[PDB]
C-alpha cells in the first residue's frame, strides 16, 4: 500500500455535477445503477479514473452508448476517449451480507445501512470518491416491502411506488451538492419518534428518529438534545438548519460514533438510546455531545466541506470546538473544560509523542481511516480555541461569518479557514498557521522574578517542541499564554506596564522572551496558562503552598482544579519511584489537608469538588514519566486512593450522605451532587473493608438509576470487595440481553485489578452477550483490556501482548478499522522498558507477517517498528 501526500493535491481532471442512483436492495446481491453527469476540465487524453473497491462491474455506457474504451485496474475503472460533457452510466453489483468491515453498504442486524466516510462510497459504485467533487444526488431504492418497509436516503422524499412480488420503491432528492462521503442509505423496519422544531426564521423542520422496534422509550432524550442543538446553533452561531426533514437512525453495528450524512445522520446506538435504568449521567451528556456534534456538522462540514482528506481538522477540530461550546454553554463550563484538558494531556499528548504523531493537518497518509484521531479532533479543537482566545468571541463570529460567506457551497482548506479569521478580525495569524503544520507538544518553561525595589515582576518564557518521528525540524509557535497574578489576600493584581494596562493573554512567539509588569505591589502568586490557553506542557517550579493557595483563591474553577493536579503530580512521581524500590506511599500531611479542605468547603461548587477528588487516570499519570512503569502507576493510584480514604474517612462519609438525592434528574446541579457523592464512595470503597462492602452493596441495590448502580458496581470491582462477584452476577443475569448495558460490565471485567483478569477476559469471549461481529462489544472487552488495563496488558510475562495479537489476527480480516483502533496500545512500545519493548516489538513483527495484512494495520506497524 502506498502513501499519499498533501503536497500532491491537484484539482480533478473531471467533475460530476449530478448523480442518480438506483438501488435494487437485497442483502446477498444488491444491484447499483448510477447515472452521473460529468464534465472534463483537463486534457482530452486524460482518462477518467474512478475509484472502486470490491465491485462487480456489469456494464459501462457513455451517453447511452456501451463503452469499449476502459480498463479495470487495482482499485479503479479507467475510462478513455471521453467528450467534454457526457452521461456516464455504471451498473454494478455489491453484497452487503459479505461486508464485515462495515464500510460501504452493509448489514446491521436486519437493517441495511451505509458508511461512506472517508472512502466507503467507492465500495458501492465506481466514482470520483474524493471530497472536492460535489454533486446533486437523487437516490431511488427498491426493496422487499415486508423486510424493508422504510427506505431512506438524504434529502426529501419525492416519489414512491408499489411493484409486483411484494416490492416497493422510494426516491429521494437532496438538493444541496455534496461529496459522496455524505451519502447515506438505510433500509429496514423501525419505530420512529417524530417531532418538529421551528427555526428562528419560521421554517418548520420535521425531526424523525429511527430506532429498532421496541426502543421508542429510550429515544426522547436524543430528540430533546437535537432540539437543544438546533436552538443553540441559532443562539450562539446564527446558524439555522437548511432542509425540511432531519433524520437520525440508530444502528447497533457501527465502526464510528455517528455520522453527519446530510439530513440523514446514522448513529451508533450508544449515542442515542437512554433510559434512567440503562444509562449513566455520562451517557446522557455524551448523547447530548454527539447529537450536537453531528448536527453542527451541517455547516462546519456539509455546507462547507473539505477539499481533500488532509483538511479533515477543518471540519472536526471546528465541529469538536462547537460541541464543547454547546455542552459548556448548557452545563458547567468548568467541568467540560477540565474533562477536555484531561483528555488532551492524558491521551493526545501520548499520541503526539508516538510513532503515529502528526500535525492536525497531516502531510502524509496511507489509510485515511487511521487519521480520525485525538490529534485531528481534540488538538484540532484546541487550535480553534486558541484562535478564539486571540480574537475574542465577537471577531471569532465575524470570522465564522466570512468563512461561510466565502465558502458556502464548496470544499475548502484549513488555510482558507484561517484566512477568513485573520481577514475578518485583522489579527495576524501567519505565525499561528504553524500549529497546522507542526506535530508534537510544545513545552513552555517559565522562570520568574520579583523586584521589590521597582515593584516589577518579570516572566521569562521559553518554548521548545522536541523532535518527533515524523518531523526533524521544529520551530517556535504563536502560543497564547494566559496569566493572572494574585496578591496575598487572593485579589488579582492589574497587569500593566509603563502606565498602560497589558492584555493578560501573552503572545509567546519566540524561542525565548521576557515580559515585565509594573505596579505589582506584592510578590505575586501566578496562575499560568489559564484555562489551558494553549495545548502545551508547562514547566514551572511551584511550591506546594503556591498550589494550595491557588486551590483556595483562583478566580477560575479550572485553575483551582489545575493547581490540584500540579500538587498531585509531584507526589505521584515521588511514589512511583518509591514503589520501584519496594517502599510504601509517602505524602506530606499538608497535601491530604488540602483535600480535606475541598471536601468541607461549604461554598465550593460540588461539580468542581468532584473533579478535584477525581484522581488523574492511569493514562494521565503516565504522561508524567518518559518511561512508563504501568504496574507502579496502577499500584500508586490505588495506594493514594487508600491513603486518602483513611485520612479523610469521616469527612468523605459525611459528604457522601449530604449529597444523597431521592429523586433522579438529568439536570446539571443534580449531576454534580451525584458526581461528588460517587467520588466520595470510591474512596470509601478503599477504606475499612466491612463498611465499604456495606455502603457499596447497599447502593447497588437501592439505586434508582444506572449512574448510582454502576458507580457502586465499579467500586466493588476496583477495591475487590467481598460483594463483587455476587453483584456482577446480578447484573449479567438482569442485563445480558442488552448489549449497550453489558458493555459497561465488560469494561469493568476488562479493567479489573484482579490477578486472573486476563483469564477472565479470555473466557468472556464465549459470553452470551459478547460477539466479535460487533464493534461495541469488541471495544468494551478487548479494547478496554488493552487500552484501559495497562497494568495487565503489560504483564511482565507478555500474555497481554499475545492475547491482542490473537484478537488482531481475527480483526485484521474481519474489520480492519476496529483492528487499527485496538493496535494502538502496542504502537507505544518505545515508552516502556527494554524487556517490554522486546516483547511488543516481537508481537508487532508477528502481525506484520500476517498474510492479507490490512493497510490500516500496516501503516501503524511499520511506523512503530521504525
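Numbering follows the first chain given and starts at 1. In this text, rigid core is short for the largest set of C-alphas that superpose within 1.5 Å between two forms.
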Checklist entry - Of the stretches 827 to 835 and 40 to 48, which sits farther from where it is here in 6 other deposited structures of this protein, on average over its Cα atoms, after fitting the core? => result 40 to 48
Item to check | Comparing 376 to 384 with 419 to 427, the one whose average Cα B-factor in the PDB entry is higher | outcome: 419 to 427
Checklist outcome for this item: Looking only at C-alpha temperature factors in the entry, 554 to 562 or 283 to 291, the higher average sits in 554 to 562
Checklist entry - If you check the C-alpha B-factor for each of 822, 31, 60, 43 in the entry, which is highest? => result 43
Checklist entry - With respect to the C-alpha temperature factors reported in the PDB entry, which of 119, 240, 512, 174 ranks highest? => result 512
Checklist entry - Looking at the C-alpha B-factor of residue 585, is it in the lowest, middle or highest third of its chain? => result highest
Checklist outcome for this item: residue 799: C-alpha B-factor third of its chain, per the entry, is the highest
Checklist outcome for this item: Binned into thirds over the chain's modelled residues, the C-alpha B-factor of residue 35 lands in the lowest
Item to check | residue 851 by Cα B-factor - lowest, middle or highest third of the modelled chain | outcome: highest
Checklist outcome for this item: Chain-relative C-alpha B factor for residue 109 (record values, thirds): the middle
